[PDB]
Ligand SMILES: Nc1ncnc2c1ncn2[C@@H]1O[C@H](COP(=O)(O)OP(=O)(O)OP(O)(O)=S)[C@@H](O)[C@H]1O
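Have a look below at one chain only, the form deposited without this ligand, in structure tokens format.
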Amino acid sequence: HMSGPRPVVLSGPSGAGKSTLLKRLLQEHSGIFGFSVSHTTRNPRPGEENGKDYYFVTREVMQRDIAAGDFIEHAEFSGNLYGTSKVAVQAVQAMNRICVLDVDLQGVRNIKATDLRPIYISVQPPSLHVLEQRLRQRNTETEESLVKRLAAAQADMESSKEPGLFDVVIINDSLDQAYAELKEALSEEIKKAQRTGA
């Protein structure tokens, strides 16, 4: 269908190949997909710039943006405030790109509760035990964190079955098979972003 491309939401259980599908997607479709720039009260670090990495605003301007519409995704940690203003999604669309978000299951429930309507994509591990095997095969994990991470993945696997949560429900049966289902699921929005086909 020939029209302007809509934004996209990625979700599902922890890991599940999502980050590697996303890195393949943005490298193949070079600069056609782009991320929503989060608003923040922080000062920039060396090599950061406003509108490149983060939208750097004052604590007064950040709360003024919460009062405008940022509150859907606002967060506070260690005395700094963060969020997704609707300006940040529209910024990527104004460069004529696909705007990308990637969020937890509660993040998906937040987006559909406001006047936003992106395409909703979830990716899941092939079985909950395979996610356990993949985590135990790395040195970064420990048994206390594994229990919390598997208990989170259990609830995320159940929310990923709900018909109101997602338009698209992919399995990581293979990285190549999941990438093919992802690229086919996005094929209409890619055709629209390349401005080609029916």
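Note that residue numbering follows the sequence shown and begins at 1.
The protein also exists as the form deposited with this ligand bound; that form is not presented, and the subsequent description refers to it.
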Using the site C-alpha superposition to carry this ligand over in the entry with it bound, what's the verdict for this chain: open, or blocked with 3+ ligand atoms inside 2.4 Å of backbone or C-beta?
blocked
Taking the shortest heavy atom distance, is residue 160 within 4.5 Å of this ligand in the entry with it bound?
no
My question is simply whether residue 187 lines the interface with this ligand in the entry with it bound - judged by any non-hydrogen atom within 4.5 Å.
no
Would you please decide whether residue 182 lies within 4.5 angstroms of this ligand in the entry with it bound, comparing each non-hydrogen atom pair?
no
Does any part of residue 30 reach within 4.5 Å of this ligand in the entry with it bound? Heavy atoms only, please.
no
